[PDB]
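First, one chain by itself: the form deposited without this ligand, in structure tokens.
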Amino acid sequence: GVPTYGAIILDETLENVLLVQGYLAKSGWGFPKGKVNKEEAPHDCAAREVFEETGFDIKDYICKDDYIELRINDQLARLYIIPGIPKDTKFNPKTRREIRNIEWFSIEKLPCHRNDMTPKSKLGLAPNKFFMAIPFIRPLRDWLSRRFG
């Protein structure tokens, strides 16, 4: 799969993260991110995708070594960590045909797994609107603990 790049934007308290809501297949909440173009450097793709989806330019704030990266179904997704962004920032997608809404969420309130359906003796996982974000939540919490504590 083609690698994706984006950002985990946190506010000044380190409590809240910025998620964006797409449409259809991307109908839930996730971190801003998208597919790398040919010959495009990871930091440039992250900044482009974030600016397209949020209207906020991270370019002056990217730290090269500060990211969480996951390989899901043999696609690589790397989110640069960008703390300290004020909660009163005006975010506006470029692209309202792609982005429904943009909100801050409390990190401690976000799920770090979906729930099973053990109550119903059925296999699988219950739907959760944070499905696209969830894989990153525990690594994010651990990364923040190590870096700040």
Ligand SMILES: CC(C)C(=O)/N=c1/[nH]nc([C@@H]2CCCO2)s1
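Start at 1 with the first residue shown and count on from there.
Stretch comparison (40 to 48 versus 118 to 126) by mean CA B-factor in the PDB entry places 118 to 126 on top. As the entry records it, the average C-alpha temperature factor is higher for 109 to 117, out of 77 to 85 and 109 to 117. In the deposited entry, the Cα temperature factor of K59 places it in the middle third of its chain's modelled residues.
For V2, the recorded CA temperature factor ranks within the highest third of the chain's modelled residues. In the PDB entry, a CA B factor belonging to the highest third of its chain's modelled residues is recorded for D65.
FYI, the form solved in complex with this ligand isn't displayed, but the following is about it.
This ligand is not drawn, but in the deposited complex it has a heavy atom within 4.5 Å of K129. Not displayed here, this ligand is kept clear of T13 by more than 4.5 Å at the level of heavy atoms in the deposited complex. No residues of 81 to 113 lie near this ligand in the deposited complex, the criterion being any heavy atom within 4.5 Å.
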